Amino acid sequence: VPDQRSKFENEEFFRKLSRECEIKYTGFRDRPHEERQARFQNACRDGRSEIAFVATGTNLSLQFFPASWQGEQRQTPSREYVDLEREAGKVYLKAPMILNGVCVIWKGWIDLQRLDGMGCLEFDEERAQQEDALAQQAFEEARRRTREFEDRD
Amino acid sequence: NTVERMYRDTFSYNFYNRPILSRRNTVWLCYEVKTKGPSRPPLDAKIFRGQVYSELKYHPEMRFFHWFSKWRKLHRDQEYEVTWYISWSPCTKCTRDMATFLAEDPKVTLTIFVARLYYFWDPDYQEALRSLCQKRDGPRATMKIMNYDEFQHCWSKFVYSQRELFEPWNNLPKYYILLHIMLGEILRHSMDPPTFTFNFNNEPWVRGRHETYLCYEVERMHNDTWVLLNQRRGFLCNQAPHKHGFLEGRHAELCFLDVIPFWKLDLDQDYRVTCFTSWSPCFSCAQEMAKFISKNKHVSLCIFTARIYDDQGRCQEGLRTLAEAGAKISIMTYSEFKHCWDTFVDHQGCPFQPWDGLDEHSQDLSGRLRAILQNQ
Amino acid sequence: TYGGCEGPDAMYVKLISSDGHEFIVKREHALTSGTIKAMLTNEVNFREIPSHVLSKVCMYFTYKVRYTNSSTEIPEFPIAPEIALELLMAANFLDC
Amino acid sequence: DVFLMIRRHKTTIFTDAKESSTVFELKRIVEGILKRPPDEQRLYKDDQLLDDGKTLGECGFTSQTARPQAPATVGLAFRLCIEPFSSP
Amino acid sequence: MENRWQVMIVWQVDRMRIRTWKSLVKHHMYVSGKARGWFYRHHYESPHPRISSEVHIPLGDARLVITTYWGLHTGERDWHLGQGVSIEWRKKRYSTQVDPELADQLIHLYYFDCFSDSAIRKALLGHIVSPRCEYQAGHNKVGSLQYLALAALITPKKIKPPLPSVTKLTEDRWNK
RNA sequence: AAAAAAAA
Ligand SMILES: [Zn+2]
Ligand SMILES: [Zn+2]
Ligand SMILES: [Zn+2]
């Protein structure tokens, strides 16, 4: 856990920096604005479609897929959600992930009037100790290695 | 870049219509251009060449449209019909660009004949195809599968065939019918109301119903719930005997069983296939369906028939054995007729209008089917 | 840069080129080399390394320290074949 | 931040600083190593003497001029010799 | 009852890059023995409605999965970016999303040819160095001065067709 | 018989 936190705070992170970044909903680009808002809001309510949010200035996008499509449900010590209650005109997104070996939470908010908003990344302290220690150690050892001058001729 | 004709080996290698072929990395486009009106020889006809992996500007479709846009200027008050014979169906980018091109040009009609369907399982390609062809508010573009006549025309007019007759390969008709069913599924083709009304009448005394129609849909199991696979839905009919097609014509049931394995259903899941037929299966088709159902334990079969087809008494044995295999056989009632009308017919918003004596005929047929399946 | 080289906490280690040039570079940057790190007294004299080789190795120190943690859009590090073998010799000596 | 080169009398120092840093800051940097008062010195660039009051932007030098792989080169003098590096 | 989701990081790419990636992976799995041991899963082997293909790469006792995706509405206005890629590192029930550059770096630890330990010693004795690195996408970090110098004096091999790279597959071209 | 397709 201390190594994970140190990495998160001090490492050029994944190309997805923890700093606040403007994000936008990309779905149904072509269709008119009102149609886009209606479809996005309906998808957020239903939970039957998929929803994607892209960082405005890059190539990275976060995809929420229905947990059914994956097949076997994955055990979730922490909870992700798409809430539509804390504010009248905003949707709040919470998504735990494991990136490059460190557990994180991505938190975002989208304004349904404009279909854009802000997202950020934070360190997750709860699940780091719950995850298997052997797999953490294996990935850590693997990523510390270099191919060069390693093979024994 | 164009060539007048292609060699015999080139044609035989490239226009072979097995739905899944590798190592066909070139696209050949034979094109003809004519003027609307009485039949006359094409004004221009040639062949374009390309590689699938080349740049989009070098694809034969883009090259044809670039050539045509310039050549089209000589007489702009002329309205043209264009025919393509293409070994691979255009790609997703070309499909979209042709849609735009045809939207630009109102005085041009395009008919495309394809030997094979390229990437027919890609959802994005399917959407682009529906935009190009299905959409009646979009461009007037038709797409069809090459049959014997089209292959023979290409052999005659676009091949170096020195006094040599066209010789079909082994499974030309089988592959054609598979591809025809797949394309109809992708384009969401619909039955016209007259065909439905004439073929699906359940009056016991019918005159002139020599052909059997079959509408199919598929459902998948999940969370103890049947979820429709909107991709798998369509209709088909029997193939009349033909010297160039099937010598003794193929029954709709056999075509359906042929197309099922191409869907690549997962053996670890559970599926339900529902068929609505105007005639119940014959004895041989019932035997084939029973064998299929016995082998493929991951598929359940449901048959709803408008009429009971009986001949020589083997039909009752066939229905009995098909039922014992594990299929469910029933008689179409008001609900099923209305559902088929609303799902598989081009009703244009019109409501389903039942005919005279529907309910009584349904009841009599249900009694007959109960007697058949109970008595043995 | 108020840190006094003459003192124990130097803030700068002196490097003497075999050719006759002398540079000075922060202790942290020299720490990236195993030999100098083990040696470090506040002065280092290299028996063989020419002046230009010393300049290139120090520029590499700067570069790696600047981009040691960054893993995005790393710029190129120019090298020339006529100096490649001697630079490699220097690096092998220094365990850079 | 950027990195700088100062060469004079077969002597050199490698150090980093910020963009808007004035030449007074550069002289303060070199003071801790040269033990010589700042305003006495005068920098040199392209064999042009640098006055006591000078700024990066006013000088026109930019970040793209000085890189970790190719830092900007300027000479120094006391109360000038642009001595080249050794050659193969 | 609240809904449930899986969250992925998907790099938006164009279908042409996906096609080439598939072709290169297949060519080096079958025609060349270089990517032998990798597995390719067709679209019809996955229940996922959006999965287009999977490439599985054994890494010792762990595994690297590159997944391509179909029919994402996120595609650009010009449909420059309809499809997507994701990278995962799995071992037993543990999984982690992986950066494309770290992905190539982890791949190169197991599969292609690199300079041997005796490469430096041979080079200063003026001899010929072999094997020499042929996968430069596996050295995308800031390596030691030794590696940079050696790679300078002896050039890397240029395989044709190029070995498959996760970095080249998921590199931002639309926005640059 | 196989080719899910730049595996040529
Ligand atoms: Zn095309
Ligand atoms: Zn029959
Ligand atoms: Zn290597």
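Letters A, B, ... are given to chains in the order of the sequence lines, protein chains preceding strands, and every chain is numbered from 1.
- Residue contacts shown for B:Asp122 are absent, as no nucleic acid heavy atom lies under 4.0 Å away.
- Note on E:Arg17 versus E:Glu171: salt bridge recorded, some NZ/NE/NH1/NH2 to OD/OE distance being below 4.0 Å.
- Looking at heavy-atom distances under 4.0 Å, E:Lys22 makes contact with sugar-phosphate atoms alone, never a base.
- Using a 4.0 Å heavy-atom criterion, one finds that E:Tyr40 contacts the sugar-phosphate atoms exclusively.
- Contact annotation for E:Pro161: no contact, since no heavy-atom pair falls under 4.0 Å across all strands.
- Residue E:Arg19 has a polar side-chain atom (N or O) positioned under 4.0 Å from OP1 or OP2 of F:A6.
- Geometric assessment of B:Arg250 against the ring of B:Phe246 yields a positive cation-pi assignment under the 6.0 Å and 45° thresholds.
- Looking only at atom types and distance, the side chain of B:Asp124 has no donor-acceptor partner in the side chain of B:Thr92 under 3.5 Å away.
- If you find the closest nucleotide of RNA chain F to B:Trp121 and to B:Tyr175, the one lying nearer the 5' end belongs to B:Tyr175.
- Closest contact between the side chain of E:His27 and the listed nucleotides F:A5, F:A3, F:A8 involves F:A8.
- Between B:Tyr13 and E:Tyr44, the residue whose closest nucleotide on RNA chain F is further toward the 5' end is E:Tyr44.
- As judged by a 4.0 angstrom heavy-atom cut-off over every strand, E:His43 is placed among the base-contacting residues.
- Residues that satisfy the ring-ring contact (aromatic ring centres under 6.0 Å, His included) test with B:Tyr271, not counting sequence neighbours, are absent from this structure.
- Contact annotation: B:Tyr118 side-chain N/O to F:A6 OP1/OP2 distance is under 4.0 Å.
- Using a 4.0 Å heavy-atom distance criterion, B:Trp88 is classed as a base contact.
- Neither OP1 nor OP2 of F:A4 sits under 4.0 Å from any side-chain N or O of E:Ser53.
- To the nearest angstrom, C1' of F:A4 lies 13 Å from CG of B:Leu117.
- Distance E:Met29 CE to F:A5 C1': 13 Å, rounded to the nearest Å.
- The nucleotide whose nearest atom lies closest to any side-chain atom of B:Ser22 is, among F:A5, F:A6, F:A8, F:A5.
- OP1 and OP2 of F:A6 both lie 4.0 Å or more from every side-chain N or O belonging to B:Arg24.
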